[PDB]
Each structure stands twice: as C-alpha cells, then as structure tokens.
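Following: one structure in structure tokens, then a few remarks.
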Amino acid sequence: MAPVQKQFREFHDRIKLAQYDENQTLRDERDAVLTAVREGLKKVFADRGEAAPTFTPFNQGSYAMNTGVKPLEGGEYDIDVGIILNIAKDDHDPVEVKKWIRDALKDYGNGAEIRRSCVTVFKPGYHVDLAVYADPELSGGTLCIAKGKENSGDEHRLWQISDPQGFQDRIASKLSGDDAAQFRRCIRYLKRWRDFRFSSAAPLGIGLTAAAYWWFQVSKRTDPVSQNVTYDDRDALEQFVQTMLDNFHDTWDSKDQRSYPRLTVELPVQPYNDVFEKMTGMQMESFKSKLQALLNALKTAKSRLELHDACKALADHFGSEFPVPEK
Ligand SMILES: Nc1ncnc2c1ncn2[C@H]1C[C@H](O)[C@@H](COP(=O)(O)OP(=O)(O)OP(=O)(O)O)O1
Ligand SMILES: Nc1ncnc2c1ncn2[C@H]1C[C@H](O)[C@@H](COP(=O)(O)OP(=O)(O)OP(=O)(O)O)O1
Ligand SMILES: [Mg+2]
Ligand SMILES: [Mg+2]
C-alpha cells in the first residue's frame, strides 16, 4: 500500500507560516500596531487631562507558539498580541479600557473594533487582535484580560484571570525535538482542514490546539537494529482524530428538546474554560460529521495501492495544496 509521509511533509512545507521569532514581516506589522497604540494613546489622554498609561506587549497565539498557517486566498493572517497596561483592574471597567485602545487605533488601517476578548484592528489581508490586560502588580498579583463588549450587560463585563504564558509554555514543552515537530505539523494540518471545510461555525484554532495538547500522540517507528526513526503523520492524525471523536458527548438541550454531540476541551491553564463553549449544538454536530469524514479519509488513505488515490482522498479534506501525484 502506498505511503503518504513525503506528501504530508510537502503539504506541511506549503501551509506553514514562520513564527514571530523567524518572521521579520510579522514582527514589523506587529511593532507597527504597537507603535500606533502608544502614539495614539498620547492623544486620547491629552484629551482626558491625565498621563498616558504605559503598556508592556508580548507575543500571543499561533505565531508565538510556532503553529501558524498561511491563509487560503481571500483569508486573513491573525496577528495575536497582548498588552499589559500599567493600571489596576478594580479601578476601571474593562470595556472602558478597551475603548482607549480602540480610540488610539481609530485612524490606523481600516480602524479598530472591540471584541469580547480583544480589540481587533483591520488592515489589507490581516488583522491584529490585541488582548488587553491589567498590571498584576497593581491588581493584587493576577493577570486578568479585559472581557466584555460595548453592548455587553454588567455581569458580562469582567476581568478574567488568564495565563497566556502558561498556555504557550505547555504547548512548547509537551514534547521535544522531532516529536514536538510532528505535534506542530498535526495542529497545522487540522488548521488547513478547518480553513478548507469550514466557513470563513469553524473549530477554533485554540480548540484544536488545546485538543492536541490533551490527546495528540506521536506516531513513529524505531528500527530495532539501526535505531533509525521514521514518523507517520497520517497515523498520528488518525489516532488523534479518533480520540477527539471518542470524547464527544451527546448533550441534551432543553430549549431545543433534542441532544447535540458536543466536544468539551478545557484550557490546561487558568481559567480552564471549555474552549469550544461558543460553538452551538448544530455547529458541533456538523463539526463531528466532518471530523468523522476526515477520519474515514485518513483510513482510506492507508489502504490505497496507488499514491494518486491515497492523496486524492486526503486532498478532498485538506484542500488543493495537498499534493496529488498524477496517476
Ligand atoms: N476560548 C478561549 N479560551 C482561552 N483562551 C483563548 C481562547 N481563544 C483564544 N485564546 C487565547 C489563546 C490563543 O492561543 C490566543 C489566540 O487565539 P486564536 O487566535 O483564536 O488561536 P491561535 O492563535 O492558537 O490559533 P489560530 O492559528 O487559528 O489563529 O488567545
Ligand atoms: N481568554 C482569551 N484570551 C485571549 N484571546 C481570546 C480569549 N478568549 C477568546 N479569545 C479570542 C478568540 C477570538 O478570535 C477573539 C474574540 O473573542 P470572542 O469571544 O469570539 O469575541 P466575540 O464575542 O466578539 O465573537 P463574535 O463577535 O463572533 O460573537 O479573541
Ligand atoms: Mg491566532
Ligand atoms: Mg486571533
């Protein structure tokens, strides 16, 4: 039966996006937005009659963790950055804090918008999500992110304990060397699957990343004699996807009077929230179906005599950058 490891490795080379520490361009676009916020803030606070708050920025998201993928045509890069303002949380509404950042970014690119967990600034072919934190020193020693929107009620405006560094560290440290490499490749493969089969409803990147933290297992073989190591990414995805499917739980929804299959995946650090909690029952059901059809293709791919047929089965789920050799 035809193997597909070479094709997976090539697919990986095509989809991977270099992380911040190796991506001049990303750093520059990041540093530009941070620059705009400092410059912007000087204005917003010259109005108020108070000293501009200072912030310490740090890298977040898949570009910090080396799990980033290139977007498909008409998709956007997602530059995630955190800013820790020299402010005490208990003295400020978090939404009001997010307003400062929005207003400081009013003019920059196609402007800024306040989301539930970040301020997002738009630009040609990318966006920057700024997660906004209060200083742990002035806030009694916890790092809290500014949660809530402009239209959000009172009980939905809050400073939620977070641990982005802890999360990144667990992703980096779960494995090492070529084992960790396979883990990162498998997250990327599933992010392209997400981009290909889900609408611009989609299994978040955070979700698949946390899922992998809990459930990914390396697939490699070590020759008993030569101790030569080869990796089997197809098999790694098969076991990982099967394990995710096994952890779906039929969950009754009283309002709708039916159950939906739901996958719950806790963040392995504070606040230990279910990273999929925002997906609806119906989007979860569709997510489970598509995971099952991906699993079936991963199995099909291992029992094809012809490389063409093995790859084509994979391309139907991973999309047209998955290499299909001619028959
Ligand atoms: N639901 C959540 N719960 C807890 N932390 C989150 C959640 N969503 C996002 N975060 C934090 C951790 C993420 O690595 C970071 C950026 O989120 P996001 O950009 O959605 O994921 P990501 O950068 O790993 O994947 P992607 O490659 O798909 O952009 O913010
Ligand atoms: N704890 C977290 N830390 C950092 N980023 C987070 C966290 N939780 C979610 N995010 C990310 C994921 C999203 O890409 C982005 C916006 O969060 P989200 O809660 O989806 O906003 P939202 O409620 O505006 O979404 P929508 O507009 O679709 O309803 O921030
Ligand atoms: Mg991201
Ligand atoms: Mg993001």
Side-chain angles (χ1 to χ4, degrees), residues 15-20 23 26-27 29-30 33 57-72 75-85 89 94-95 97-99 101-102 112-123 125-134 136 142-153 155-171 184 187-188 190-192 194-195 198-213 265-280 283:
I15 69 175
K16 69 189 185 215
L17 179 63
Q19 61 176 317
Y20 283 125
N23 199 325
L26 281 180
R27 292 196 298 265
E29 295 159 342
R30 171 204 63 197
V33 176
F58 63 98
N59 286 341
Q60 289 207 53
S62 64
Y63 306 156
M65 291 189 285
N66 197 16
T67 53
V69 290
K70 300 177 157 156
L72 291 181
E76 292 179 16
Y77 296 98
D78 173 59
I79 286 161
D80 303 298
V81 73
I83 59 164
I84 307 165
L85 291 161
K89 63 192 175 92
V95 172
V97 173
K98 284 202 273 187
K99 288 186 155 135
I101 306 302
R102 193 265 316 288
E113 144 193 354
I114 296 178
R115 289 222 187 96
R116 184 164 207 68
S117 300
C118 65
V119 169
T120 301
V121 73
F122 295 98
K123 268 251 145 167
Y126 68 92
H127 59 272
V128 186
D129 307 336
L130 298 92
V132 176
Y133 302 83
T142 70
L143 186 64
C144 304
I145 189 162
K147 287 257 163 172
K149 274 173 108 149
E150 289 186 277
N151 66 335
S152 216
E155 78 261 31
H156 276 200
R157 291 167 175 240
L158 56 321
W159 290 104
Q160 196 176 55
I161 182 159
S162 312
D163 181 20
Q165 310 291 79
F167 178 58
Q168 290 172 23
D169 179 39
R170 309 228 158 214
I171 295 309
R184 294 195 303 273
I187 293 164
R188 286 194 173 111
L190 291 177
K191 280 174 174 178
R192 177 50 68 82
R194 168 206 65 202
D195 292 335
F198 294 73
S199 150
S200 308
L204 297 153
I206 189 48
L208 287 164
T209 301
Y213 173 80
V265 177
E266 293 177 16
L267 203 73
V269 300
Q270 287 272 23
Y272 310 102
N273 60 306
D274 171 22
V275 303
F276 284 118
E277 58 194 336
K278 262 59 185 295
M279 302 197 23
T280 67
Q283 292 164 349

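Reckoned from all heavy atoms, side chains included, excluding hydrogens, waters and symmetry mates. For reference, positions follow the sequence shown, starting with 1. Each ligand, and each atom within it, is numbered from 1 in the order the structure gives.
Scanning the protein heavy atoms around atom 2 (C) of ligand 2, the nearest turns out to be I145 CD1, 3.9 Å. Considering only non-hydrogen protein atoms, atom 14 (O) of ligand 2 sits nearest to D129 OD2, 4.2 Å. The nearest heavy-atom contact from the protein to atom 25 (O) of ligand 2 is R115 CD, 4.5 Å. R116 CB, 3.9 Å is the protein heavy atom nearest to atom 18 (P) of ligand 2. Nearest to atom 26 (P) of ligand 2 among the protein's heavy atoms is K149 NZ, 4.4 Å.
Of the possible donor and acceptor atoms, none in the side chain of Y213 sits under 3.5 Å from a partner among the backbone N and O of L267. In this structure a side-chain-to-backbone donor-acceptor pair under 3.5 Å is missing from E29 to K123. In this structure, the side chain of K98 engages the main chain of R115 through a donor-acceptor pair within 3.5 Å. In this structure, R157 contributes its side chain and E150 its backbone to a donor-acceptor pair below 3.5 Å.
Nearest-residue assignment for atom 9 (C) of ligand 2 (options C118, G82, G61, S117; heavy-atom criterion): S117.
For the side chain to side chain contact (heavy atoms under 4.5 Å, CB included) with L190, the qualifying choice from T67, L208, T209 is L208, the only one to do so. When the options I114, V132, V119 are evaluated for a side chain to side chain contact (heavy atoms under 4.5 Å, CB included) with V97, the one that passes is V132.
Proximity of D80 to ligand 2, defined as any heavy-atom pair under 4.0 Å, is not found for any part of the residue.
Counting protein heavy atoms under 4.0 angstrom from atom 7 (C) of ligand 2 gives one or more. Within the 4.0 Å cut-off (strictly below), no protein heavy atom is located near atom 20 (O) of ligand 2. Note that atom 4 (C) of ligand 2 has protein non-hydrogen atoms nearby, at separations under 4.0 angstrom. Within a 4.0 Å radius of atom 28 (O) of ligand 2, the protein contributes no heavy atom.
A 4.5 Å side-chain heavy-atom check between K16 and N66 finds every atom pair outside the cut-off. Between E266 and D274 the shortest side-chain heavy-atom distance does not fall below 4.5 Å.
Residue contact check for ligand 2: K147 places a non-hydrogen atom closer than 4.0 Å to it.
Geometry at the Mg ion (ligand 4): OD2/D78 and OD1/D80 form an angle of 90°, nearest 10 degrees.
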Requested in this report: In sequence, state the C-alpha distance, the side-chain angles, and the governing distance for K147 and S117, and then conclude on side chain to side chain contact (heavy atoms under 4.5 Å, CB included).
Outcome: CA-CA 5 Å; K147 287 257 163 172; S117 300; 3.0 Å; yes
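Here's the thing with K278: one of its N/O atoms is less than 3.5 angstrom from an N/O atom of ligand 2.
Closest to the Mg ion (ligand 4) among the N, O or S atoms of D129 is OD2.
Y20 carries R30 over the face of its six-membered ring, with the cationic atom under 6.0 Å from the centre and within 45° of the normal.
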